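First up is the structure itself, then whatever we jot down about it.
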Ligand code: HDD
Ligand code: HDD
Ligand SMILES: *[C@@H]1O[C@H](CO[C@@H]2O[C@H](CO)[C@@H](O)[C@H](O)[C@H]2NC(C)=O)[C@@H](O)[C@H](O)[C@H]1NC(C)=O
Ligand SMILES: *[C@@H]1O[C@H](CO)[C@@H](O)[C@H](O)[C@H]1NC(C)=O
Ligand SMILES: *[C@@H]1O[C@H](CO)[C@@H](O)[C@H](O)[C@H]1NC(C)=O
Ligand SMILES: *[C@@H]1O[C@H](CO)[C@@H](O)[C@H](O)[C@H]1NC(C)=O
Ligand SMILES: *[C@@H]1O[C@H](CO)[C@@H](O)[C@H](O)[C@H]1NC(C)=O
Ligand SMILES: *[C@@H]1O[C@H](CO)[C@@H](O)[C@H](O)[C@H]1NC(C)=O
Ligand SMILES: *[C@@H]1O[C@H](CO)[C@@H](O)[C@H](O)[C@H]1NC(C)=O
Ligand SMILES: [Ca+2]
Ligand SMILES: [Ca+2]
Ligand SMILES: [Ca+2]
Ligand SMILES: [Ca+2]
Ligand SMILES: [Ca+2]
Ligand SMILES: [Ca+2]
Ligand SMILES: [Ca+2]
Ligand SMILES: [O]
Ligand SMILES: [O]
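Protein chains in written order, with our numbering: chain A, 1 to 688; chain S, 689 to 1376; chain F, 1377 to 1605.
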């Protein structure tokens, strides 16, 4: 924090000043008499309002909705026989980082829990330059050439005439594009499985997507896939829960991250690479240059390089998070590109687009973008030039500055260099590689590898989405494409949307799998930051007292208990009015609160004699319990709190429903078991 | 449409071209061989991606989230004895209009149904210049001096460190500001009543807020308040239903307006003025220069001037709606300003801020900002200069261009003029007028004038919001200020939030009222665009058939029937999966569908033997009915469909619950009666 | 078609002091007087196989092709005949690009040309302050525009197609792809190839920096040699 603290403005106990250090007041405009017109000579007014009028900058063209944190990387080894990268040069070597997570399609201010691909962008402030791995939470992307990006994004984003719908693929154009461009199918399945609706940014993995090169000082290369393996564990929602979260808390995932860091529950990921040889580009049966293809870990294991920990929130979101400007072109000696046509064109885009955002060329001079390494070059001027170059002779080769700055390359000065054995051959052409043409086998691989419930979640997502596609031509074209993945998938979706069941096409059908590829099916590794909503009553103080007791039994695993009651009495954390099932990973009815959960509570007429509360909507306590159950959450009840389960027609005989005598260790153990499972999949119907 | 049509690009059945008219292809980057690197000389790639990279412009600093429509104004009179404004010069005189509706705090992707003040910005493209009345759906504003705008907005918008929470006042800073700056209280009560959460942009009124001057050709003035009196009727949600809508359809109100216009259901408002004398500024017990004060209609009635109808959607949202740049400084001869310090400073802000949005000075040259009147002046150059001035001598006074362009003033050329009897007097000063100091009497007026349910809505909003305020000091400060409005209001709110019940402070208490000031309590004037969701089943074809029958009996009042079923069969409009109570103004169970509404349906275990549907979440049909009921909506059932009411513990004896033998006229009449009432207020508990 | 004419240095200096606008004024006045200056467009036509045969590299922008080796074939004539109405709007804002290319012309691997292509698209963002510089009157084409590019500050058009992507069915597959065989599309000369290791190097074919300067020097009348000295 040494570096960024030089730019901090501390406004504790100080007098107000203009931006040029003149002390001022700023609460009344200068007027001609008490009730007079405002004077033009009021510079205090105009400077204040001019700053205000110009606060905004263009949102990012994609990934506009996102959230950042500072952290650190630790290398596990001296990787010099693999890469010349300085940040990987020794066991225990540490490098600062900044990471931003995001959705893709929605604008600023859109819901965190929209269904989408998620950005997972990681900057290493290395001692040999900034290195960015600008990744996502899904290892494959929709399209195979960067020139198609505007097509994909215009189709996914809102209609051009009326700008509907926000942050959603559930409209004709998106599905038109997906069916017209079947390369999209692999990412589409990932996003419509649990990966499109994660519980938090701490409960996803990251991926660089593209094949990159690692290169040693002597020019030897390997091809790699970059991975960020999360140490908390994958966790995802079901769609109806993600929708409800969008309505109750648009900031749900950004808030989770912020709070977890404030609580000292620092999320971690291991940096890994699947290490391959130059000769492996086509040998696996798909092209390593094709960003729609994964390398299954059965074919190439993930070699772990080191660990990222996120551990400090920004001081000012705009200055740090909004203004961070990631680029795949932020590359360092020891890494190089490949001819993946999607990567190739990204390189252009991310340098250009910062001109839009920053409004000029000196965006690398913003504190969050600056390197932690010296800058010496002949670049000059531009709007917003914050440095003062001492060299008046800004050219090479010079004698007037004694030949400095000096050229750095592979042999001197630790320069960047292109892997020296890379070659080009062939006619200059605008063509789609024939090696890129199997759009369906890997989608099928993914589909085969999912637990039954998560197959169902894909079907139900596609049914929801395509039922909102007005065009019969598009609906039919979607089914025809899905059928090339799996006749089962296609048939199951078709039945909701008025499309004839398709005949099988066996061209790409196969039964191979890859392990643990879905969002569902594994227990969490860490329970840190999960929440238990304890539904209590101010009329039974002992019910509220159970919060602290339960908390003592859950603190050692980083789980918080939130006491919910009718009003803010002592030791109450939230009111029923302010609460919703989507706030809580588990919901527990406290002993003595059961009287709030009557089955008639949704519809009883709130006459003056009725006893109906004005402190919350009719039925709210029972709505929270029922929504928690239906969404698949851990549900519990203490003592006579179990009567509330009976009112809700929830049997403790069901999986993920727990009762206990009191809030001690025995019950906490069972709630921990529930939270580790995270979602109880037997509450979802599956096609037969 | 003739004017804007000159800028249309029709892309039906044509070849792709670059932006300089060279035919192109745009689907494959140019590569060095089939699997080669992308070439720099690929200008097609770069022009496409550069346009993409630079698509975004800064969102509006406030009112970022909004929706536009074209329309027309028709004057009802020759108003020349009141104002010289040309658009008001004759009975029948038509002027084109563009109107944008918005929230205030949220960024451009935030939910339509956030609770907020709403913008209501109307441009008249008059034959003597663009005239903009940049208003809101609430007649009073939070603050009394424009210099305070960054304070108000920084407090309401997300926290500076983490940018939480989106589009919400339910956080410490906002309530800190409201309690520290009690001028805020009038608008706060309006926004926490129904006016904060309207059903649609068609179901609100508009207000200019400030007092303005109307001025005749001979310099005579009146003071006025501008009104837009809606002809559909006020209609608003309850908080829980606004939240649910945010989660299910972030575009709900934008969609409503687009659809209503495409249906020919054109919304209308009458422009009106409260006409006052110069000598009335301090006569009524408050200052007409104070924008936190209404003029009750009992004191000065609204004189109706003419009518706005909105009747055409944009062709391209970005080009038209996103780029429209309103300004109160877009004033015409016949109107003038007052010394309201809020208005005074607005004039500076809206000219300045377009520089940010447009990135240069020529924003009035965008098609949507152009006038429909001649432009002739000596302004020159600037980035993005779209015109070519023929006069090379761009100064006055000139002889080299024969004294042209010629000065226009009161007596020649129909120039703008400041009302000539306006004066200034007094010492130059930065002070708050003593006439502005009663922050509490008018909030009490507003409070007194509400039906009991809407008082409860204000209480319940403030309890929800302030329960989210962490600071005890802030909570107490809020209660102190509320208590100066009404001890009842303050006491009712305090009891939810752990603040001691305040003792009365009666300085500003009174019993006066003003009529029909809330959002609740009157029947709707028109039912256009309201929706009845008919919950049917594909397994009972006759249930689906009731849709068309009911539709026939409701078409004449502009109400649509939407048939909901399990899957998209013939005559089904939506699936259950895709549906929610919040989509429908009334919900009706079709005869034959009752089997879907079992009371065990939320929690039944969906095993192979259970017959649980995979086509929708467990309990969805009953959830839609129960939500509709709890939210206050018209609910009904046809035939045996009434069994579903029983399952949901909904009695037909309750108000706004209707049973019918069949889908004929009698039942249609009951549904129209329910829609007219709109919300059944007896379903909400009230304090005692 | 007027003829080469030049100053001596001391005369050019004196002109800078007396009339900074001397050449701009000459052009403006000549056009106002109806004395329209003309140039003939010509090409030295060579074969693909001629890149190195002349003893210097055709990709090297420091080398001329002497007209003794390859004559100038005259294609047509330019006449300049109308001054701007507003200098800022027309002259200051004109934004030239070598990337403004049409079917029937293509690039070569001259490393100076290659990078120019990037620069002239980028730099207009600085000048115009946004992406829609081709919409300025002086930059607009006299030919239809139909594409899926959208938005950006200063968007002067209103696209009617709400489905701005390919491939689409929602707009019936339009705008349609144009290439060598359909729609008169631009196309890269199809026999061009690449070969070799990716590298940052100076071609050895570019290394004679002095023979052509000497050719030029030898070809001057004595006075003009003196003027160089
Ligand atoms: C050629 C266009 C293009 C293509 C094909 C991609 N992107 Fe992209 N992306 C951009 C063009 C772009 C951009 C327009 O340049 C953005 C918007 C803001 C920015 O700085 O770059 C960006 C932002 C952006 C961000 C947000 C960084 C942040 O948090 O500020 C992430 C995580 C990604 N992208 C990730 C990817 C992934 C993993 C891709 C495929 C493997 C991908 N993008 C393809
Ligand atoms: C001195 C600052 C200031 C103050 C006190 C206000 N405004 Fe404002 N307003 C702006 C500064 C501003 C702005 C920053 O200039 C905006 C942002 C975008 C724009 O064009 O103007 C704007 C936008 C804006 C819009 C959106 C117009 C559109 O749809 O594009 C509306 C409807 C209003 N304002 C309405 C009001 C009302 C009724 C006010 C009080 C009576 C008010 N504003 C006070
Ligand atoms: C409005 O404009 C006219 C401008 O008329 C000029 O006035 C001066 C003094 O009479 C005279 O020297 C010019 O020749 C006049 N005519 C023109 C075309 O310039 C003023 O005369 C009015 O007084 C102005 N003021 C008002 C209140 O309209
Ligand atoms: C690199 O390889 C050589 C030969 O295998 C070996 O001696 C050395 O230990 C390796 N270096 C590192 C840092 O592991
Ligand atoms: C690298 O640069 C050095 C120093 O400028 C230069 O002399 C050397 O020849 C270069 N080597 C390579 C690999 O180009
Ligand atoms: C699995 O993949 C291998 C790898 O190509 C392939 O040869 C084999 O046929 C596949 N087996 C199944 C069950 O699809
Ligand atoms: C305006 O006023 C005069 C006098 O009252 C009268 O002659 C005339 O009717 C009025 N004109 C209009 C436009 O109403
Ligand atoms: C209330 O209204 C009455 C009108 O009968 C008026 O005389 C009085 O001044 C008003 N009082 C307040 C406090 O607003
Ligand atoms: C040119 O495009 C046409 C029409 O899209 C396409 O069908 C044809 O195959 C293309 N030919 C070439 C040369 O790529
Ligand atoms: Ca290719
Ligand atoms: Ca159990
Ligand atoms: Ca004042
Ligand atoms: Ca619900
Ligand atoms: Ca009834
Ligand atoms: Ca700019
Ligand atoms: Ca070279
Ligand atoms: O992206
Ligand atoms: O505003």
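No residue lacks a Cβ here, since even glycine has one placed at the ideal position from N, Cα and C.
- At the C-beta level, residue 321 of chain A and residue 113 of chain A stay beyond 8 angstroms of one another.
- Residue 228 of chain A is bridged by DSSP to A:206, A:271.
- Taking 8 angstroms as the CB threshold, residue 1532 of chain F lines the interface with chain S.
- Residue 362 of chain A and residue 405 of chain A do not touch by the CB rule: their CB atoms are close to 18 angstroms apart, not below 8 angstroms.
- Of the candidates A:465, A:402, A:217, A:401, the residue whose Cα lies closest to the Cα of residue 414 of chain A is A:217.
- Under the rule that a run must span 3 or more residues, the beta strand (DSSP E) segments found entirely inside the region 372-455 of chain A read 423-429.
- Across the structure, residue 494 of chain A and residue 285 of chain A are spaced so that their CA atoms are roughly 31 angstroms apart.
- Note on residue 1111 of chain S: under 16 other CB atoms within 10 angstroms of its CB, so exposed under the neighbour-count rule.
- For residue 813 of chain S, the pairing in a beta bridge is given by DSSP as S:818.
- With a threshold of 8 angstroms between beta carbons, residue 1435 of chain F makes no contact with chain S.
- In this structure, the C-beta of residue 29 of chain A approaches ligand 12 to less than 7 angstroms from one of its heavy atoms.
- Taking a cut-off of 8 angstroms for Cβ pairs, the region 1189-1202 of chain S and the region 893-912 of chain S do not touch, as fewer than three such pairs fall below it.
- Of all alpha-carbon atoms in S:1269, S:1271, S:1264, S:1311, the one lying nearest the alpha-carbon of residue 1286 of chain S is that of S:1311.
- Between ligand 2 and residue 788 of chain S, a heavy atom-to-CB distance of less than 7 angstroms is present.
- Contact of residue 1535 of chain F with chain A by beta-carbon distance below 8 angstroms involves 160.
- Distances from the alpha-carbon of residue 1591 of chain F to those of F:1453, F:1443, F:1404 put F:1443 closest.
- For residue 758 of chain S, the beta-bridge partners assigned by DSSP are S:786, S:1000.
- For residue 1320 of chain S, no alpha helix (DSSP H) segment is defined, and its DSSP state is neither H nor E.
- The beta-carbon of residue 180 of chain A is placed no less than 8 angstroms from the nearest beta-carbon of chain S.
- Taking CB atoms only, residue 1394 of chain F has no neighbour in chain A less than 8 angstroms away.
- Residue pairing by DSSP puts residue 1348 of chain S in a beta bridge opposite S:1326.
- In the DSSP annotation of this structure, the continuous segment of the alpha helix (DSSP H) that includes residue 736 of chain S starts and ends at 731-741.
- Measuring C-alpha to C-alpha distances from residue 543 of chain A to each of A:625, A:339, A:637, A:20 identifies A:637 as the nearest.
- Excluding its 5 nearest sequence neighbours in each direction, residue 1130 of chain S has C-beta neighbours in its own chain below 8 angstroms: 828, 874, 974, 980, 981, 982, listed in chain order.
- When the Cα atoms are used, residue 922 of chain S and residue 783 of chain S turn out to be separated by approximately 26 angstroms.
- The beta carbon of residue 1526 of chain F is closer than 6 angstroms to those of 1540 in its chain, skipping five residues each way along the sequence.
- A residue is called buried once 16 or more other Cβ atoms fall within 10 Å of its Cβ, and residue 516 of chain A, having fewer, is exposed.
- Selection S:894, S:884, S:892 evaluated against residue 929 of chain S yields S:884 as nearest (Cα-Cα).
- Going by DSSP, residue 1277 of chain S is part of no alpha helix (DSSP H) but of the beta strand (DSSP E) stretching over 1274-1277.
- About 18 angstroms separates the beta carbon of residue 787 of chain S from that of residue 817 of chain S, a gap too long to meet the 8 angstroms contact definition.
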